[PDB]
Amino acid sequence: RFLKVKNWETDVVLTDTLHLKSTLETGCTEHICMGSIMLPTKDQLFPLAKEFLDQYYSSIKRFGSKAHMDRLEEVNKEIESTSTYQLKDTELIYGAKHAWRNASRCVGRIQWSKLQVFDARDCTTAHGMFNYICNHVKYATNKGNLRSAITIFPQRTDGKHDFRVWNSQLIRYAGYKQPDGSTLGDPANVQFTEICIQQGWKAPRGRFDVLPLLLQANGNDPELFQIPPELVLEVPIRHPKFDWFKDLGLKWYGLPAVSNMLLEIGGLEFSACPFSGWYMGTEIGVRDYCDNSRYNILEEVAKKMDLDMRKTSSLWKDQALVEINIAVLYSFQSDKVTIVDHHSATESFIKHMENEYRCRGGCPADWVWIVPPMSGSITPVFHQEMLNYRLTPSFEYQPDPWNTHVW
Amino acid sequence: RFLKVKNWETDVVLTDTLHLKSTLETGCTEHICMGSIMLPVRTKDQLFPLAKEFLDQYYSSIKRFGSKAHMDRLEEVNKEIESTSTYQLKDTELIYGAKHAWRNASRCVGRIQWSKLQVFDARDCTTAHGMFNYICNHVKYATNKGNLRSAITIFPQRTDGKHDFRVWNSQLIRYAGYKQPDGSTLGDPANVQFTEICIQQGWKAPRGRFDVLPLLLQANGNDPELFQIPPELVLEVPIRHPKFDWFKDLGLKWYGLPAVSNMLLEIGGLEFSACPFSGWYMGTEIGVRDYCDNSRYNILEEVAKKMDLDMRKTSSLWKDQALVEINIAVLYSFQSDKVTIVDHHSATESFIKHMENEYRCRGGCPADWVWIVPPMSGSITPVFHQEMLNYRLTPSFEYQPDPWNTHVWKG
Ligand code: HEM
Ligand code: HEM
Ligand SMILES: CNCc1cccc(OCc2ccc3ccc(N)nc3c2)c1
Ligand SMILES: CNCc1cccc(OCc2ccc3ccc(N)nc3c2)c1
Ligand SMILES: C[C@H](O)[C@H](O)[C@H]1CNc2nc(N)[nH]c(=O)c2N1
Ligand SMILES: C[C@H](O)[C@H](O)[C@H]1CNc2nc(N)[nH]c(=O)c2N1
Ligand SMILES: [Zn+2]
């Protein structure tokens, strides 16, 4: 019931008790592990509220205080009356930071307590949402000195007045299918690139077109908005050794801002809560550039390096992958845009893990996601045993809006 | 109940029914996943149904389920159990068992090869000298002058737990590791503790960088004995790089035959505590893990210096760069010497085909993503994007504690 995790490179052993406070389900059973599966009313509400307020008031050293008891009293009143309740700003901020702190798949959590929270619960329209989103982008970007931020729109009421950002990220490049057969731009965004066009967007049908925002307020039909180009910081990609690299004509944006997740706090659901930090190099160079179902330019780059692409055993893909990732990092660093390499980030995470075991009794961590997509075993997280479990507040997945929206 | 797994790169969806045949526990619960945990004297009482379940499996595979041969065998085993408290497997059953233990090894990416396994029955063995002979023959057969052949040698099963056969070595062929008084390590750091035991047992160490360790062999629960593998049986490969001439001067080499010898083979409730098996290497095992793990030979820096890389900031990815070239050199050396090896792209590509075939013909393929994904260049191999289900089927290979921690010493 008290679980131990071992690091095999250092022999360090941590003891986890935090998992006992876990409440949601993993998808695993004692007969089967699902660790590599990507996607596994009033009476329901008050225990959920109670649980949250319990941990909040414990965190400020007023567990069992009159304020705690009164707040519990007040929230219970509000629930029986209104069939929901509203979070105080302090509780909202706490809940957002803790959803990040609890995100078992995030390697960047050493930063969790420095999150800038923007309360947008007074928002009523898509133009309103647009304004808040623009403010978020400008603040987070900070001319290249990136700052973590989340903007929180009004909570779900009854599933009919949902606020939703339809983009998966605030900033992404368009993808177009050809008659020629292949794909121009980003293949992951083909379906969304088409819905925007199916909606009125006029595409420059280029290789790297910044997608428009598609914003849904209060359950209404979503509207297109173009993000002011001066708010979208981009980094041209060059290599510090290969002069022909620049000629490839690649660039990427500095701000990773995830916008399709659901934030759960005290039973309350925030369906629109775009958040942003800064990139780890491999998200762009390994996943975005080199994935087969994405920009997939490994071959192109290998050619210009004139590697023997004859047999897989020359490891030409491995060689190209590395140079690319060197370029991504070189480019952002040169341009004073915040980026972290996978070595630094995983080293930071090990330190964060040890902090959390110390000050909290554990740290839920999903190895399958924490270990980077290249050079896995030369990073310290590879040799680290991790326990995965779900804590709340939390970020959850939710269905794509176009599959659900009562149109 | 039916379970779906998706390949996110191809959108191929597969359906698993085989997991229903699973009995053994995973470690996971509904509230925790222990997916990344490395490591998560039997009575006639529980032996009966274990035997029966194995025999049901075996007779189904040969399409004789419920036959008179099936039923008689069941009666024969049942009688042997209540009489002698254990039982003996037929040769056919033993071969089926060993092959299926491999087929079921969810952490093994080489399983496309599972049906081609040479099974050596060493159950008539009684002494350590006899164990040495069987192991020598295994190594000679498996090596085959570089044209590697998968093999397993199986020693007598456990009885009362007091007469165990054990190979004390973790692998049949490994290099010694020596801790120096100045805190540094000569040879393979992973083998320091085992090297000490050998030396204590009387092994005269040459105390070099690549000394092949002696075999420490325990028959019938007796104290283990030292044997040196004849050097002509130990195929080794000098590591060079195809473009870098300075690489040979690093002085590296590795042995050709990976042969794991510390696992336990469970078949029909019987436990085979000594069952060394061998295949051939995936290049990254040597190049990534053996040479580049910080806890092993750890030659990354020396290689990076000789490449004249920017070693000042990790963001130069000097470590990643050196890692690739070391792995290129490993593959190049083995191919040049015509010693069987597989790169991680070929091996993972083959595993995917195997897994798809298994889902079709068998209803599933237990697979441990954490171990199947290779230790470098993970996302550019097809297994990275493959969802996998991990569960435990018998027959199986299991971990067991190191013998030096459990052995009762005789003298
Ligand atoms: C500040 C620098 C940050 C870094 C370097 C970072 C790093 C990462 C990386 C590499 C992943 C895996 C992404 C993928 O492979 O698709 C991830 C996932 C995730 N991140 Fe972080 N992150 C940062 C900030 C944040 C912030 C500010 C939040 C929320 C407030 C957050 C919440 C999450 C969540 C919920 C996931 C997993 C989503 C899922 O379940 O699929 N991260 N992070
Ligand atoms: C024929 C070529 C083979 C290849 C290329 C191969 C490849 C691999 C690799 C790369 C691993 C991971 C090892 C590690 O990272 O420590 C592994 C694990 C494993 N292999 Fe295979 N293997 C082969 C043959 C065999 C054979 C013949 C057997 C048994 C008869 C076997 C049984 C296992 C088992 C039980 C594991 C898991 C060990 C553990 O859980 O720690 N393999 N294999
Ligand atoms: C495509 N992978 C599935 C999927 C679906 C929805 C969200 C998501 O999040 C990835 C994610 C989330 C937060 C991040 C924060 C910072 C960062 N550099 N990357 C981050 C990446 C991942
Ligand atoms: C060091 N990791 C823990 C541990 C403990 C005991 C055995 C073992 O086996 C790894 C293993 C097992 C079988 C293999 C077969 C072929 C091969 N190329 N590598 C193989 C590697 C691994
Ligand atoms: C903590 C973690 O389970 C451990 O380091 C594992 C990770 N994946 C692995 N994968 C393989 N193939 N071999 C290993 O030894 C390991 N080690
Ligand atoms: C099949 C597998 O679950 C899928 O490819 C996962 C694996 N690990 C990952 N790890 C990270 N960080 N991000 C991902 O998108 C994925 N994808
Ligand atoms: Zn699990």
Side-chain angles (χ1 to χ4, degrees), chain A residues 3 5-6 8-9 19 22-38 281-282 286-287 290-293 298 312-315 317-319 321-322 325-326 329-330 333 341 343-344 365-368 371-378 382-390, chain B residues 3 5-6 8-10 19 22-38 283 288-289 292-295 300 314-317 319-321 323-324 327-328 331-332 335 343 345-346 349 367-370 373-380 384-391:
Chain A
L3 297 173
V5 295
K6 175 169 174 174
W8 292 86
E9 196 97 292
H19 64 279
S22 154
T23 194
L24 292 158
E25 296 165 34
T26 55
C28 304
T29 71
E30 1 76 7
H31 287 89
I32 185 163
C33 172
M34 287 195 159
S36 65
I37 307 299
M38 185 178 295
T282 58
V286 177
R287 298 312 304 289
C290 291
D291 267 9
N292 254 276
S293 59
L298 265 179
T312 67
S313 42
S314 74
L315 314 189
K317 297 190 169 186
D318 313 74
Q319 275 174 303
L321 185 73
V322 171
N325 281 264
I326 288 172
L329 296 170
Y330 175 68
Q333 281 172 351
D341 68 277
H343 304 286
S344 176
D366 185 339
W367 197 97
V368 169
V371 178
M374 72 176 259
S375 306
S377 71
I378 56 171
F382 185 86
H383 308 273
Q384 180 65 58
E385 296 188 338
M386 298 169 187
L387 292 167
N388 198 28
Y389 46 98
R390 327 237 299 120
Chain B
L3 288 176
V5 284
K6 184 192 224 164
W8 284 88
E9 185 174 38
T10 65
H19 69 273
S22 150
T23 102
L24 308 186
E25 225 229 311
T26 67
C28 303
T29 67
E30 211 79 53
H31 297 110
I32 205 148
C33 178
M34 323 271 294
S36 75
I37 312 301
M38 176 181 297
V288 187
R289 307 302 312 286
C292 292
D293 262 17
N294 293 340
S295 276
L300 276 179
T314 61
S315 99
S316 69
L317 308 187
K319 279 195 182 169
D320 314 70
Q321 273 181 312
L323 175 64
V324 173
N327 276 276
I328 290 175
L331 291 168
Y332 173 71
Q335 290 163 359
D343 67 79
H345 299 293
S346 173
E349 176 169 36
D368 183 339
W369 191 103
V370 164
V373 181
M376 74 175 279
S377 301
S379 66
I380 60 167
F384 183 92
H385 307 266
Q386 185 59 58
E387 293 182 342
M388 296 174 193
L389 294 173
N390 194 26
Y391 48 92

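So that the names make sense, note that chain A is the first sequence line, chain B the second, and so on, each numbered from 1.
Among all heavy-atom pairs drawn from B/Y391 and A/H31, the shortest one is CB-O, 3.2 Å. The minimum heavy-atom distance linking B/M38 with A/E385 is given by the pair N-OE2, 2.8 Å. Among all heavy-atom pairs drawn from B/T26 and A/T29, the shortest one is OG1-O, 3.2 Å. In terms of heavy atoms, A/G35 sits closest to B/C33 at CA-SG, 4.1 Å. Taking both residues in full, the closest heavy atoms of B/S377 and A/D318 are given as OG-OD2, 2.5 Å, listed atom of the first, atom of the second, then distance.
For B/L331, the part lying near chain A is the side chain, with the backbone staying farther off; criterion is any non-hydrogen pair under 4.5 Å. Contact annotation for B/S316: only backbone heavy atoms (N, CA, C, O) come within less than 4.5 Å of a heavy atom of chain A. Only the side chain of A/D341 comes within contact range of chain B, with at least one heavy atom under 4.5 Å from a heavy atom of that chain. Contact of A/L298 with chain B is made through the side chain alone, with heavy-atom distances under 4.5 Å. Proximity to chain A (any heavy atom under 4.5 Å) is restricted, for B/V5, to the side chain, taken from C-beta onward. Heavy-atom distances place the side chain of A/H343, and not its backbone, under 4.5 Å from chain B. In this structure, chain A has a heavy atom under 4.5 Å from the backbone of B/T23, while its side chain stays farther away. In this structure, the portions of A/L387 lying under 4.5 Å from any heavy atom of chain B include both its backbone and its side chain.
Looking at residues two or more places apart in sequence or on another chain, you find a side chain to side chain donor-acceptor pair (under 3.5 Å) between B/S315 and A/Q333. Every residue was checked against the ring-ring contact (aromatic ring centres under 6.0 Å, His included) condition with A/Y330, not counting sequence neighbours, and none meets it.
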- Task: Apply side chain to side chain contact (heavy atoms under 4.5 Å, CB included) to B/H385 and A/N292, showing your working.
- Result: CA-CA 10 Å; B/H385 307 266; A/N292 254 276; over 6 Å; no
- Message: Could you walk me through whether B/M376 and A/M374 satisfy the side chain to side chain contact (heavy atoms under 4.5 Å, CB included) test, starting with their C-alpha distance in whole Å, then the side-chain angles of each, then the deciding distance to 0.1 Å, before giving a yes or no?
- Response: CA-CA 5 Å; B/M376 74 175 279; A/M374 72 176 259; over 6 Å; no
- Message: Checking B/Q321 against A/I326 for the side chain to side chain contact (heavy atoms under 4.5 Å, CB included) test, could you report, in this order, the C-alpha distance in whole Å, the side-chain angles of both residues, the deciding distance, and whether it holds?
- Response: CA-CA 9 Å; B/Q321 273 181 312; A/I326 288 172; 3.4 Å; yes
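Between B/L3 and A/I32, some side-chain heavy-atom pair lies under the 4.5 Å cut-off. Side-chain atoms of B/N327 and A/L315, non-hydrogen and from C-beta on, do get closer than 4.5 Å to each other.
No other option in B/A367, B/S346, B/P375 has as many heavy-atom pairs under 4.5 Å with chain A as B/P375. Taking A/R287, A/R390, A/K317 one by one and counting their heavy-atom pairs under 4.5 Å with chain B, the maximum is reached by A/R287. Ranked by heavy-atom pairs under 4.5 Å with chain B, the first of A/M38, A/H19, A/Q384, A/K6 is A/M38.
A donor-acceptor contact shorter than 3.5 Å links the side chain of A/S36 to the backbone of B/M388.
B/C28 SG to A/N388 CG: the interatomic distance, rounded to the nearest 0.5 Å, is 9.5 Å.
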